[PDB]
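J.: Provided below: protein-v6.cif, containing mmCIF, C-alpha atoms.
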```
data_data
loop_
_atom_site.label_atom_id
_atom_site.label_comp_id
_atom_site.auth_asym_id
_atom_site.auth_seq_id
_atom_site.Cartn_x
_atom_site.Cartn_y
_atom_site.Cartn_z
CA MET N 1 160.77 -107.50 248.52
CA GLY N 2 158.35 -107.05 245.59
CA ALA N 3 157.41 -109.39 242.73
CA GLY N 4 157.14 -107.16 239.62
CA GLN N 5 158.45 -103.82 238.25
CA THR N 6 155.03 -102.21 238.99
CA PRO N 7 154.62 -98.62 240.27
CA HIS N 8 152.38 -99.22 243.33
CA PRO N 9 149.80 -101.99 244.15
CA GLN N 10 147.33 -99.33 245.32
CA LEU N 11 147.39 -97.52 241.94
CA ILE N 12 144.14 -98.53 240.19
CA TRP N 13 144.67 -98.67 236.42
CA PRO N 14 144.42 -97.03 234.02
CA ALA N 15 147.14 -94.52 234.93
CA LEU N 16 148.76 -91.36 233.57
CA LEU N 17 152.56 -90.92 233.82
CA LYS N 18 153.91 -87.36 233.11
CA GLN N 19 157.70 -87.60 232.92
CA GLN N 20 160.00 -84.93 234.31
CA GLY N 21 160.70 -82.07 231.91
CA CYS N 22 158.48 -83.70 229.20
CA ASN N 23 154.77 -82.91 228.56
CA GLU N 24 153.50 -86.04 226.76
CA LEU N 25 151.12 -87.86 229.08
CA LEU N 26 151.90 -91.58 228.99
CA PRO N 27 148.44 -93.20 229.05
CA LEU N 28 148.72 -96.74 230.43
CA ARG N 29 145.47 -98.75 229.96
CA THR N 30 146.61 -101.40 232.46
CA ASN N 31 149.61 -103.03 234.16
CA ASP N 32 150.63 -104.61 230.81
CA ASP N 33 151.24 -101.11 229.36
CA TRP N 34 153.63 -100.38 232.24
CA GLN N 35 155.44 -103.73 231.83
CA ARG N 36 155.74 -102.84 228.11
CA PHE N 37 157.88 -99.84 229.31
CA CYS N 38 160.77 -101.81 230.96
CA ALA N 39 160.28 -104.61 228.42
CA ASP N 40 161.26 -102.22 225.64
CA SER N 41 163.34 -99.43 227.25
CA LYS N 42 164.82 -99.81 230.78
CA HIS N 43 165.58 -96.05 230.53
CA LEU N 44 164.00 -92.67 231.49
CA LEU N 45 161.95 -92.38 234.68
CA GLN N 46 163.20 -89.61 236.92
CA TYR N 47 162.65 -89.34 240.68
CA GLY N 48 159.91 -86.82 240.09
CA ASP N 49 158.13 -88.42 237.06
CA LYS N 50 154.56 -88.30 238.65
CA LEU N 51 151.85 -90.96 238.32
CA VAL N 52 148.08 -90.48 238.69
CA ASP N 53 145.55 -93.36 238.87
CA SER N 54 141.79 -93.50 238.19
CA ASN N 55 141.13 -92.65 241.90
CA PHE N 56 143.12 -89.34 241.63
CA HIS N 57 145.99 -90.55 243.85
CA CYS N 58 149.11 -88.65 242.80
CA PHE N 59 152.41 -90.45 243.25
CA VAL N 60 156.04 -89.42 242.72
CA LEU N 61 158.93 -91.81 241.91
CA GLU N 62 161.87 -92.14 244.34
CA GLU N 63 165.57 -93.11 244.05
CA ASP N 64 164.50 -96.27 245.96
CA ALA N 65 162.80 -97.30 242.63
CA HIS N 66 159.39 -97.16 244.32
CA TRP N 67 156.45 -94.79 244.07
CA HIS N 68 155.46 -92.84 247.19
CA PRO N 69 151.87 -91.55 247.80
CA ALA N 70 152.03 -87.84 246.95
CA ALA N 71 148.49 -86.73 248.01
CA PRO N 72 145.08 -87.12 246.34
CA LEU N 73 144.28 -84.71 243.54
CA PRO N 74 141.44 -82.20 242.82
CA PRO N 75 139.01 -82.68 239.86
CA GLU N 76 141.00 -79.93 238.03
CA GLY N 77 144.35 -81.57 238.88
CA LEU N 78 143.77 -84.23 236.20
CA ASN N 79 143.29 -81.27 233.81
CA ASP N 80 146.72 -79.93 235.04
CA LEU N 81 148.36 -83.11 233.69
CA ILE N 82 146.49 -83.23 230.35
CA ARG N 83 147.18 -79.45 229.91
CA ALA N 84 150.76 -80.61 229.07
CA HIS N 85 149.93 -83.39 226.50
CA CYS N 86 147.31 -81.15 224.83
CA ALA N 87 149.45 -77.96 224.74
CA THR N 88 152.58 -79.80 223.54
CA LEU N 89 150.58 -81.20 220.54
CA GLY N 90 148.04 -78.46 219.74
CA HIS N 91 144.73 -79.55 221.41
CA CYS N 92 142.22 -77.60 223.52
CA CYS N 93 139.06 -79.65 224.38
CA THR N 94 136.00 -80.96 222.45
CA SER N 95 132.85 -80.58 224.67
CA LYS N 96 132.74 -80.72 228.54
CA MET N 97 135.51 -79.49 230.92
CA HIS N 98 138.31 -81.01 228.80
CA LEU N 99 137.90 -84.51 230.38
CA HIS N 100 135.52 -85.87 232.99
CA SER N 101 138.07 -88.28 234.52
CA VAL N 102 141.06 -90.62 233.77
CA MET N 103 138.82 -93.17 231.95
CA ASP N 104 137.79 -90.41 229.52
CA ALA N 105 141.42 -89.28 229.12
CA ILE N 106 142.55 -92.78 228.07
CA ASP N 107 139.63 -92.78 225.56
CA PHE N 108 140.65 -89.30 224.24
CA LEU N 109 144.46 -89.80 223.91
CA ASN N 110 144.00 -92.95 221.80
CA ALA N 111 141.99 -91.15 219.13
CA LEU N 112 144.29 -88.12 219.15
CA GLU N 113 147.67 -89.72 218.73
CA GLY N 114 149.31 -90.19 215.29
#
```
Would you write the structure of this file as structure tokens?
T.:
Amino acid sequence: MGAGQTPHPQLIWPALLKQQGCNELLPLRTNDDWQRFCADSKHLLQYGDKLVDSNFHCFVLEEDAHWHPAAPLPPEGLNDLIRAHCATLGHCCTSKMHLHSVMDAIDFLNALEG
């Protein structure tokens, strides 16, 4: 029993999805941005697709179409995600240690993308 297609209630938006095999971080400003996924493509999303929230909770997706808590994350472990989205495009920082936190990432990725 659950009343929306949401990843986890305990995930505090914004969030950062990093799909299996791909590298493009999926910034998601809020729960609307996630609903805009299944609204527009009920596809993708492997058991393995990883989510991270603003509180550095990692999650992994299961075949039970839920997200399980897959440990908290170090300050550098956010950088381990964004390492993909940056390297797949061509970016390597612009002052400070790439990104302070998830807030800063969602600010960055907007102004990057084409």
J.: Of the candidates N:38, N:81, N:89, N:60, which shows the shortest atom-to-atom distance to residue 113 (chain N), using only C-alpha atoms?
T.: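 With only C-alpha atoms as the atom set, the closest residue is N:89.
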J.: Taking into account all atoms listed in the file, which residue in the set N:78, N:28, N:1, N:17 is nearest to residue 45 (chain N)?
T.: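 Selected residue with least distance to residue 45 (chain N): N:17.
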J.: Which of these, N:41, N:30, N:20, N:95, has the shortest distance to residue 61 (chain N) once you count only C-alpha atoms?
T.: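 Closest candidate: N:20.
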J.: Looking at all atoms listed in the file, which of N:50, N:43, N:36, N:79 is the one that sits closest to residue 96 (chain N)?
T.: N:79
J.: Residues picked by the PyMOL selection byres ((chain N and resi 64-76) around 12) here, as number ranges by chain?
T.: N: 1-2, 4-11, 17, 45-63, 77-83, 97-102
J.: With C-alpha atoms retained, write the just-selected residues as a tab-separated table (two decimals), in the frame of the given file.
T.:
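Output below, filename again-v4.tsv:
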```tsv
chain	number	residue	atom	x	y	z
N	1	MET	CA	160.77	-107.50	248.52
N	2	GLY	CA	158.35	-107.05	245.59
N	4	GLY	CA	157.14	-107.16	239.62
N	5	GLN	CA	158.45	-103.82	238.25
N	6	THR	CA	155.03	-102.21	238.99
N	7	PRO	CA	154.62	-98.62	240.27
N	8	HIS	CA	152.38	-99.22	243.33
N	9	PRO	CA	149.80	-101.99	244.15
N	10	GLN	CA	147.33	-99.33	245.32
N	11	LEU	CA	147.39	-97.52	241.94
N	17	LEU	CA	152.56	-90.92	233.82
N	45	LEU	CA	161.95	-92.38	234.68
N	46	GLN	CA	163.20	-89.61	236.92
N	47	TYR	CA	162.65	-89.34	240.68
N	48	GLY	CA	159.91	-86.82	240.09
N	49	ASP	CA	158.13	-88.42	237.06
N	50	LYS	CA	154.56	-88.30	238.65
N	51	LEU	CA	151.85	-90.96	238.32
N	52	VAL	CA	148.08	-90.48	238.69
N	53	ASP	CA	145.55	-93.36	238.87
N	54	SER	CA	141.79	-93.50	238.19
N	55	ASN	CA	141.13	-92.65	241.90
N	56	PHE	CA	143.12	-89.34	241.63
N	57	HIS	CA	145.99	-90.55	243.85
N	58	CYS	CA	149.11	-88.65	242.80
N	59	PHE	CA	152.41	-90.45	243.25
N	60	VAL	CA	156.04	-89.42	242.72
N	61	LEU	CA	158.93	-91.81	241.91
N	62	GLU	CA	161.87	-92.14	244.34
N	63	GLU	CA	165.57	-93.11	244.05
N	77	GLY	CA	144.35	-81.57	238.88
N	78	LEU	CA	143.77	-84.23	236.20
N	79	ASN	CA	143.29	-81.27	233.81
N	80	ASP	CA	146.72	-79.93	235.04
N	81	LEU	CA	148.36	-83.11	233.69
N	82	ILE	CA	146.49	-83.23	230.35
N	83	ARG	CA	147.18	-79.45	229.91
N	97	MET	CA	135.51	-79.49	230.92
N	98	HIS	CA	138.31	-81.01	228.80
N	99	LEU	CA	137.90	-84.51	230.38
N	100	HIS	CA	135.52	-85.87	232.99
N	101	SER	CA	138.07	-88.28	234.52
N	102	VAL	CA	141.06	-90.62	233.77
```
J.: With region 109-112 of chain N as the partner and 10 Å as the cut-off, tabulate the residues of region 8-91 of chain N that qualify, each row holding the nearest pair of atoms and their distance in Å to one decimal, using only C-alpha atoms, sorted by chain and rising number, as CSV.
T.:
```
residue,atom,partner,partner_atom,distance
N:25,CA,N:109,CA,8.7
N:26,CA,N:109,CA,9.2
N:27,CA,N:109,CA,7.3
N:82,CA,N:109,CA,9.4
N:85,CA,N:109,CA,8.8
N:86,CA,N:109,CA,9.2
N:89,CA,N:112,CA,9.5
N:91,CA,N:112,CA,8.9
```
J.: Given the selection you just returned, output its residues as a file containing C-alpha atoms, formatted as a PDB file, in the coordinates of the input.
T.:
```
ATOM      1  CA  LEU N  25     151.120 -87.860 229.080  1.00  0.00           C
ATOM      2  CA  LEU N  26     151.900 -91.580 228.990  1.00  0.00           C
ATOM      3  CA  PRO N  27     148.440 -93.200 229.050  1.00  0.00           C
ATOM      4  CA  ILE N  82     146.490 -83.230 230.350  1.00  0.00           C
ATOM      5  CA  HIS N  85     149.930 -83.390 226.500  1.00  0.00           C
ATOM      6  CA  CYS N  86     147.310 -81.150 224.830  1.00  0.00           C
ATOM      7  CA  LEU N  89     150.580 -81.200 220.540  1.00  0.00           C
ATOM      8  CA  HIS N  91     144.730 -79.550 221.410  1.00  0.00           C
TER       9      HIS N  91
END
```
J.: Pick from N:92, N:15, N:87, N:22: nearest to residue 34 (chain N), with all atoms listed in the file counted?
T.: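 Checking each of N:92, N:15, N:87, N:22 against residue 34 (chain N), counting all atoms listed in the file, the winner is N:15.
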J.: Generate the missing atoms of region 82-109 of chain N up to N, CA and C atoms and report them as a compact mmCIF listing (two decimals), in the coordinates of the input.
T.:
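To be explicit, this is the file written out as rebuild_34.txt:
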```txt
# COMPACT_ATOMS: atom_id res chain seq x y z
N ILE N 82 146.85 -83.17 231.76
CA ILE N 82 146.49 -83.23 230.35
C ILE N 82 146.75 -81.89 229.64
N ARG N 83 146.73 -80.77 230.36
CA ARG N 83 147.18 -79.45 229.91
C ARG N 83 148.53 -79.56 229.19
N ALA N 84 149.46 -80.36 229.69
CA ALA N 84 150.76 -80.61 229.07
C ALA N 84 150.61 -81.34 227.73
N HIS N 85 150.08 -82.56 227.71
CA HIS N 85 149.93 -83.39 226.50
C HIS N 85 149.14 -82.64 225.41
N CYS N 86 148.08 -81.92 225.79
CA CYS N 86 147.31 -81.15 224.83
C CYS N 86 148.13 -79.98 224.31
N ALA N 87 148.73 -79.16 225.18
CA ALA N 87 149.45 -77.96 224.74
C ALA N 87 150.69 -78.32 223.93
N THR N 88 151.35 -79.44 224.23
CA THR N 88 152.58 -79.80 223.54
C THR N 88 152.24 -80.23 222.10
N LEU N 89 151.04 -80.77 221.86
CA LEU N 89 150.58 -81.20 220.54
C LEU N 89 149.91 -80.05 219.79
N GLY N 90 148.88 -79.45 220.39
CA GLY N 90 148.04 -78.46 219.74
C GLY N 90 146.56 -78.54 220.11
N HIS N 91 146.15 -79.34 221.11
CA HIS N 91 144.73 -79.55 221.41
C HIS N 91 144.24 -78.61 222.51
N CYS N 92 142.94 -78.29 222.47
CA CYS N 92 142.22 -77.60 223.52
C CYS N 92 140.72 -77.95 223.43
N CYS N 93 140.36 -79.03 224.13
CA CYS N 93 139.06 -79.65 224.38
C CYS N 93 138.14 -79.87 223.16
N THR N 94 137.01 -80.54 223.40
CA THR N 94 136.00 -80.96 222.45
C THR N 94 134.77 -81.41 223.28
N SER N 95 134.01 -80.44 223.79
CA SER N 95 132.85 -80.58 224.67
C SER N 95 133.24 -81.02 226.10
N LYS N 96 132.50 -80.53 227.10
CA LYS N 96 132.74 -80.72 228.54
C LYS N 96 134.08 -80.10 228.98
N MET N 97 134.39 -80.17 230.27
CA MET N 97 135.51 -79.49 230.92
C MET N 97 136.85 -80.18 230.62
N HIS N 98 137.22 -80.22 229.34
CA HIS N 98 138.31 -81.01 228.80
C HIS N 98 138.00 -82.51 228.93
N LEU N 99 138.05 -83.08 230.13
CA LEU N 99 137.90 -84.51 230.38
C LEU N 99 137.24 -84.68 231.72
N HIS N 100 136.24 -85.56 231.78
CA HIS N 100 135.52 -85.87 232.99
C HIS N 100 136.46 -86.45 234.05
N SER N 101 137.26 -87.43 233.64
CA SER N 101 138.07 -88.28 234.52
C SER N 101 139.15 -89.05 233.73
N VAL N 102 139.95 -89.90 234.39
CA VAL N 102 141.06 -90.62 233.77
C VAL N 102 140.55 -91.60 232.71
N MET N 103 139.41 -92.27 232.94
CA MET N 103 138.82 -93.17 231.95
C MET N 103 138.68 -92.43 230.61
N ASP N 104 138.09 -91.24 230.67
CA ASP N 104 137.79 -90.41 229.52
C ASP N 104 139.07 -89.94 228.85
N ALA N 105 140.11 -89.66 229.64
CA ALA N 105 141.42 -89.28 229.12
C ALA N 105 142.00 -90.40 228.27
N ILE N 106 141.99 -91.63 228.78
CA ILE N 106 142.55 -92.78 228.07
C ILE N 106 141.74 -93.04 226.78
N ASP N 107 140.45 -92.70 226.76
CA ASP N 107 139.63 -92.78 225.56
C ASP N 107 140.09 -91.71 224.55
N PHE N 108 140.24 -90.47 225.02
CA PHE N 108 140.65 -89.30 224.24
C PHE N 108 142.01 -89.53 223.56
N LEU N 109 143.08 -89.67 224.35
CA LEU N 109 144.46 -89.80 223.91
C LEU N 109 144.66 -90.84 222.82
```
